[PDB]
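K.L.:
Mind looking over this structure? Questions follow.
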Amino acid sequence: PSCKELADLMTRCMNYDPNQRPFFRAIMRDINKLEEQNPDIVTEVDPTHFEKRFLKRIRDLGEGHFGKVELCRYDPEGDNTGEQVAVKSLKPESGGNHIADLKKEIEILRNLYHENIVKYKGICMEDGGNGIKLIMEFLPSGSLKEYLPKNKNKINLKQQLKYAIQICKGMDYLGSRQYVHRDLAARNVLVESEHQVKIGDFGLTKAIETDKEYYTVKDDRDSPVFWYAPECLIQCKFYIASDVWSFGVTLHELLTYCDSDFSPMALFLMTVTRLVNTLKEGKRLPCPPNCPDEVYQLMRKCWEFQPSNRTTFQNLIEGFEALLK
Ligand SMILES: Nc1ncnc2c1ncn2[C@@H]1O[C@H](COP(=O)(O)OP(=O)(O)O)[C@@H](O)[C@H]1O
């Protein structure tokens with residue numbers, strides 16, 4: 001509040017230690033005293049903002065096609081202890097337009113809430129208006145691509161089924177509010193501790209309209225070559241079920257433990273023309289080696305090039321839970 005005496009009472013009542021809050025009779029006594037004591041009838045501590053001056057670097061890890069990510073510790077105290085954070089930031093190299101997309105990305109992560117999504121922690125900026133730096137939580141285990149090779153033998157098919165299941169709920173949550181992530185792969189999907197996976201960044205997020213079930217792209221050079229729905233080249237239109245193919249490829253890699261050369265780009269043997277002709281001719285990739293029959297038999301349906309033949313994520317989790325049971 002704006003009155004010195006009342007703020008004291010509110011602070012005493014609203015203490016974070018439940019055994020230090022005062023008794024109600026003391027509250028009544030203090031209110032009665034305050035009433036007669038003051039005949040007069042009449043800077044913020046917002047934690048979501050960070051300042052670069054108190055950010056301390058430790059090491060660098062991770063990079064992307066639209067920014068860099070580093071590990072830092074925030075400690076305005078005597079630097080004895082603090083909180084380890086991951087700081088999404090741009091780079092001066094050709095950063096003439098990253099500001100708008102970074103602002104939009106900040107906007108998206110402030111309006112989402114689900115368990116299978118990386119938490120938002122705050123924002124940071126400098127005096128120049130540019131230099132905006134997103135700060136989000138840090139996952140010690142990194143992404144799945146960096147985890148499965150490290151524990152290929154220790155892991156089990158049970159946890160593989162669990163991991164394949166969990167990201168589907170996050171994707172369904174994203175599709176609920178009419179968002180398309182436009183890029184899904186192992187490097188983006190994160191894993192924390194065990195049995196928990198949270199989706200990574202949302203840089204290329206765009207929202208479709210009710211009157212048009214597809215988005216418009218002016219330049220397709222940014223998209224990766226072999227995570228590419230056929231409509232993205234045939235008509236340059238982005239549909240929600242486009243990432244279903246992406247999820248199927250991610251599932252295949254998940255069963256593959258991120259092998260050295262079994263990735264479809266490495267597995268495949270003028271790239272655009274070859275891809276188009278193979279898609280029209282149905283030259284789909286075969287099943288993974290040593291793969292159980294039922295899972296890839298189920299996955300084969302979603303790989304179908306027709307968007308209409310693709311199933312909803314709800315149906316996929318239904319099938320997966322039926323198989324698990
Ligand atoms: N919250 C986090 N905690 C730990 N590592 C992270 C976090 N977010 C991203 N990374 C690291 O970033 C790498 C993935 O790069 P990413 O930032 O997704 O590229 P892009 O910027 O193109 O999205 C991974 O190797 C992962 O270790």
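Lettering and numbering for the structure tokens are positional, with chains as A, B, ... in the shown order, residues counted from 1 in each chain, and ligands counted from 1 in the shown order.
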Which residues of chain A sit at most 6 Å from ligand 1, using only C-alpha atoms and all ligand atoms? Give each one's shortest atom pair and distance in Å (one decimal place), in chain and ascending residue order, as a tab-separated table.
P.N.:
residue	atom	partner	partner_atom_place_in_ligand_line	distance
A:62	CA	ligand 1	12 (O)	4.1
A:63	CA	ligand 1	15 (O)	4.9
A:64	CA	ligand 1	22 (O)	3.2
A:65	CA	ligand 1	22 (O)	4.8
A:66	CA	ligand 1	21 (O)	5.7
A:67	CA	ligand 1	21 (O)	5.2
A:68	CA	ligand 1	21 (O)	5.9
A:69	CA	ligand 1	17 (O)	5.7
A:86	CA	ligand 1	1 (N)	5.4
A:136	CA	ligand 1	1 (N)	5.7
A:137	CA	ligand 1	1 (N)	4.6
A:138	CA	ligand 1	3 (N)	3.3
A:139	CA	ligand 1	3 (N)	3.7
A:140	CA	ligand 1	4 (C)	5.8
A:142	CA	ligand 1	27 (O)	4.1
A:143	CA	ligand 1	26 (C)	5.4
A:187	CA	ligand 1	14 (C)	5.4
A:188	CA	ligand 1	18 (O)	4.6
A:201	CA	ligand 1	23 (O)	5.2
K.L.:
Using DSSP on the backbone, list every residue of region 253-316 of chain A that comes out as helix (DSSP H, G or I), and give them as number ranges by chain.
P.N.:
A: 253-255, 264-267, 271-281, 293-302, 313-316
K.L.:
Which residue gives the smallest distance to residue 233 (chain A) among A:2, A:262, A:279, A:119, with only C-alpha atoms counted?
P.N.:
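Using only C-alpha atoms, residue 233 (chain A) sits closest to A:279.
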K.L.:
Can you check which residues of region 9-255 of chain A DSSP gives as strand (DSSP E or B) on the backbone and send them as a PyMOL selection string?
P.N.:
chain A and resi 49-50+55-63+68-74+83-89+117+120-124+133-136+143+179-180+190-192+196-199+206-207+215-216+237-238
K.L.:
Work out how far apart CA of residue 322 (chain A) and CA of residue 155 (chain A) are and give it in Å to one decimal.
P.N.:
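That distance, rounded to one decimal, is 21.6 Å.
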K.L.:
One decimal, in Å: what's the spacing between CA of residue 230 (chain A) and CA of residue 190 (chain A)?
P.N.:
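Separation of CA of residue 230 (chain A) and CA of residue 190 (chain A): 27.0 Å.
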K.L.:
Using only C-alpha atoms, determine which residues lie at most 8 Å from residue 250 (chain A), disregarding the query and same-chain residues fewer than 4 positions distant; provide the list as a PyMOL selection string.
P.N.:
chain A and resi 184-186+246+254
K.L.:
Quick one: of A:180, A:269, A:275, A:129, who's nearest to residue 234 (chain A), counting only C-alpha atoms?
P.N.:
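Counting only C-alpha atoms, the residue closest to residue 234 (chain A) is A:275.
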K.L.:
Find the residues near residue 21 (chain A): any atom within 7 Å, counting only C-alpha atoms, skip ones fewer than 4 places away on the same chain, and give them as an mmCIF file with C-alpha atoms, in the first residue's frame.
P.N.:
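This went into result28.cif:
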data_model
loop_
_atom_site.group_PDB
_atom_site.id
_atom_site.type_symbol
_atom_site.label_atom_id
_atom_site.label_comp_id
_atom_site.auth_asym_id
_atom_site.auth_seq_id
_atom_site.Cartn_x
_atom_site.Cartn_y
_atom_site.Cartn_z
ATOM 1 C CA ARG A 12 3.360 -9.050 9.242
ATOM 2 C CA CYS A 13 0.156 -10.858 8.253
ATOM 3 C CA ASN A 15 4.645 -13.793 6.057
#
K.L.:
Between CA of residue 181 (chain A) and CA of residue 205 (chain A), what is the distance in Å, rounded to a tenth?
P.N.:
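Value for the CA of residue 181 (chain A)-CA of residue 205 (chain A) distance: 5.1 Å.
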K.L.:
From the list A:177, A:169, A:182, A:114, which residue is nearest residue 227 (chain A) when using only C-alpha atoms?
P.N.:
A:182
K.L.:
Please list as number ranges by chain every residue within 12 Å of residue 239 (chain A), counting only C-alpha atoms and excluding residues in the same chain fewer than 6 positions away.
P.N.:
A: 175, 178-182, 206-209, 212-217, 228-232, 245, 306-308, 310
K.L.:
Emit the selected residues as an mmCIF file, in the first residue's frame, including N, CA, C and O atoms.
P.N.:
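Done, and the output landed in out_20.cif:
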data_model
loop_
_atom_site.group_PDB
_atom_site.id
_atom_site.type_symbol
_atom_site.label_atom_id
_atom_site.label_comp_id
_atom_site.auth_asym_id
_atom_site.auth_seq_id
_atom_site.Cartn_x
_atom_site.Cartn_y
_atom_site.Cartn_z
ATOM 1 N N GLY A 175 -1.435 -27.597 -30.245
ATOM 2 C CA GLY A 175 -2.401 -27.541 -31.331
ATOM 3 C C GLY A 175 -3.771 -27.085 -30.871
ATOM 4 O O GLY A 175 -4.605 -26.676 -31.683
ATOM 5 N N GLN A 178 -4.304 -23.452 -31.630
ATOM 6 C CA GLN A 178 -4.054 -23.155 -33.038
ATOM 7 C C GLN A 178 -2.638 -22.649 -33.292
ATOM 8 O O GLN A 178 -2.445 -21.678 -34.031
ATOM 9 N N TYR A 179 -1.645 -23.288 -32.682
ATOM 10 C CA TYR A 179 -0.251 -22.995 -32.981
ATOM 11 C C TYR A 179 0.388 -24.167 -33.713
ATOM 12 O O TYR A 179 0.043 -25.327 -33.478
ATOM 13 N N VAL A 180 1.321 -23.856 -34.609
ATOM 14 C CA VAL A 180 2.128 -24.857 -35.294
ATOM 15 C C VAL A 180 3.591 -24.577 -34.984
ATOM 16 O O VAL A 180 4.076 -23.460 -35.202
ATOM 17 N N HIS A 181 4.290 -25.585 -34.462
ATOM 18 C CA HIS A 181 5.679 -25.392 -34.062
ATOM 19 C C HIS A 181 6.614 -25.319 -35.261
ATOM 20 O O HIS A 181 7.708 -24.754 -35.153
ATOM 21 N N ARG A 182 6.221 -25.908 -36.388
ATOM 22 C CA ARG A 182 6.894 -25.846 -37.681
ATOM 23 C C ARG A 182 8.225 -26.583 -37.720
ATOM 24 O O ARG A 182 8.798 -26.719 -38.806
ATOM 25 N N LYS A 206 4.025 -19.806 -35.562
ATOM 26 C CA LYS A 206 3.058 -18.956 -36.238
ATOM 27 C C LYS A 206 1.660 -19.490 -35.967
ATOM 28 O O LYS A 206 1.466 -20.683 -35.722
ATOM 29 N N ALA A 207 0.681 -18.592 -36.010
ATOM 30 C CA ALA A 207 -0.698 -18.924 -35.689
ATOM 31 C C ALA A 207 -1.565 -18.840 -36.937
ATOM 32 O O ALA A 207 -1.537 -17.839 -37.659
ATOM 33 N N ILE A 208 -2.333 -19.900 -37.184
ATOM 34 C CA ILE A 208 -3.263 -19.947 -38.307
ATOM 35 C C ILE A 208 -4.554 -19.238 -37.921
ATOM 36 O O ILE A 208 -4.780 -18.932 -36.744
ATOM 37 N N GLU A 209 -5.402 -18.968 -38.905
ATOM 38 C CA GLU A 209 -6.687 -18.323 -38.679
ATOM 39 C C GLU A 209 -7.825 -19.330 -38.797
ATOM 40 O O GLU A 209 -7.649 -20.455 -39.270
ATOM 41 N N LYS A 212 -8.776 -19.881 -42.563
ATOM 42 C CA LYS A 212 -7.768 -20.495 -43.422
ATOM 43 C C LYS A 212 -7.019 -21.540 -42.613
ATOM 44 O O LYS A 212 -6.341 -21.199 -41.639
ATOM 45 N N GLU A 213 -7.132 -22.804 -43.020
ATOM 46 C CA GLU A 213 -6.508 -23.903 -42.291
ATOM 47 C C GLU A 213 -5.027 -24.067 -42.606
ATOM 48 O O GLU A 213 -4.461 -25.113 -42.276
ATOM 49 N N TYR A 214 -4.388 -23.079 -43.227
ATOM 50 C CA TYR A 214 -2.989 -23.190 -43.608
ATOM 51 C C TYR A 214 -2.326 -21.823 -43.557
ATOM 52 O O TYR A 214 -2.979 -20.790 -43.728
ATOM 53 N N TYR A 215 -1.018 -21.830 -43.321
ATOM 54 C CA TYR A 215 -0.235 -20.608 -43.228
ATOM 55 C C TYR A 215 0.501 -20.347 -44.540
ATOM 56 O O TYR A 215 0.581 -21.208 -45.420
ATOM 57 N N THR A 216 1.041 -19.137 -44.661
ATOM 58 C CA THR A 216 1.731 -18.694 -45.866
ATOM 59 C C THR A 216 3.196 -18.431 -45.549
ATOM 60 O O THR A 216 3.510 -17.728 -44.583
ATOM 61 N N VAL A 217 4.086 -18.985 -46.370
ATOM 62 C CA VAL A 217 5.527 -18.828 -46.211
ATOM 63 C C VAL A 217 6.081 -18.154 -47.459
ATOM 64 O O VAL A 217 5.771 -18.561 -48.585
ATOM 65 N N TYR A 228 10.018 -32.177 -43.883
ATOM 66 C CA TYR A 228 9.347 -31.259 -44.796
ATOM 67 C C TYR A 228 8.098 -31.942 -45.331
ATOM 68 O O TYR A 228 8.199 -32.920 -46.076
ATOM 69 N N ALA A 229 6.928 -31.435 -44.947
ATOM 70 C CA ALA A 229 5.686 -31.957 -45.488
ATOM 71 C C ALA A 229 5.586 -31.618 -46.975
ATOM 72 O O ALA A 229 6.058 -30.564 -47.413
ATOM 73 N N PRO A 230 4.987 -32.501 -47.778
ATOM 74 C CA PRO A 230 4.926 -32.244 -49.226
ATOM 75 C C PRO A 230 4.187 -30.968 -49.586
ATOM 76 O O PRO A 230 4.551 -30.311 -50.570
ATOM 77 N N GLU A 231 3.162 -30.595 -48.818
ATOM 78 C CA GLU A 231 2.434 -29.363 -49.108
ATOM 79 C C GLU A 231 3.318 -28.137 -48.945
ATOM 80 O O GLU A 231 3.047 -27.092 -49.549
ATOM 81 N N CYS A 232 4.376 -28.241 -48.136
ATOM 82 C CA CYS A 232 5.256 -27.100 -47.916
ATOM 83 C C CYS A 232 5.974 -26.685 -49.194
ATOM 84 O O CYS A 232 6.401 -25.532 -49.320
ATOM 85 N N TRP A 245 4.134 -36.009 -39.412
ATOM 86 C CA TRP A 245 5.287 -36.640 -40.043
ATOM 87 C C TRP A 245 6.552 -36.371 -39.241
ATOM 88 O O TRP A 245 7.388 -37.265 -39.058
ATOM 89 N N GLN A 306 -0.833 -37.913 -47.217
ATOM 90 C CA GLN A 306 -2.111 -37.213 -47.209
ATOM 91 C C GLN A 306 -2.375 -36.635 -45.826
ATOM 92 O O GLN A 306 -2.367 -37.384 -44.840
ATOM 93 N N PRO A 307 -2.591 -35.324 -45.699
ATOM 94 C CA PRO A 307 -2.921 -34.762 -44.381
ATOM 95 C C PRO A 307 -4.189 -35.343 -43.784
ATOM 96 O O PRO A 307 -4.272 -35.502 -42.559
ATOM 97 N N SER A 308 -5.183 -35.666 -44.614
ATOM 98 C CA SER A 308 -6.425 -36.230 -44.105
ATOM 99 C C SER A 308 -6.224 -37.600 -43.473
ATOM 100 O O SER A 308 -6.896 -37.918 -42.487
ATOM 101 N N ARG A 310 -3.697 -38.553 -41.793
ATOM 102 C CA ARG A 310 -3.000 -38.415 -40.521
ATOM 103 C C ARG A 310 -4.007 -38.381 -39.378
ATOM 104 O O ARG A 310 -5.074 -37.769 -39.497
#
K.L.:
I want to know what sits within 12 Å of residue 171 (chain A), based on only C-alpha atoms, with residues of the same chain fewer than 4 positions away left out; could you give that as number ranges by chain?
P.N.:
A: 114-117, 164-167, 175-184, 189, 197-200, 240-241, 243-244, 246-247, 312-314, 316-317
K.L.:
Calculated over only C-alpha atoms, which of the candidates A:130, A:202, A:150, A:193 has the smallest distance to residue 106 (chain A)?
P.N.:
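Going through A:130, A:202, A:150, A:193 one by one, the smallest distance to residue 106 (chain A) is for A:202.
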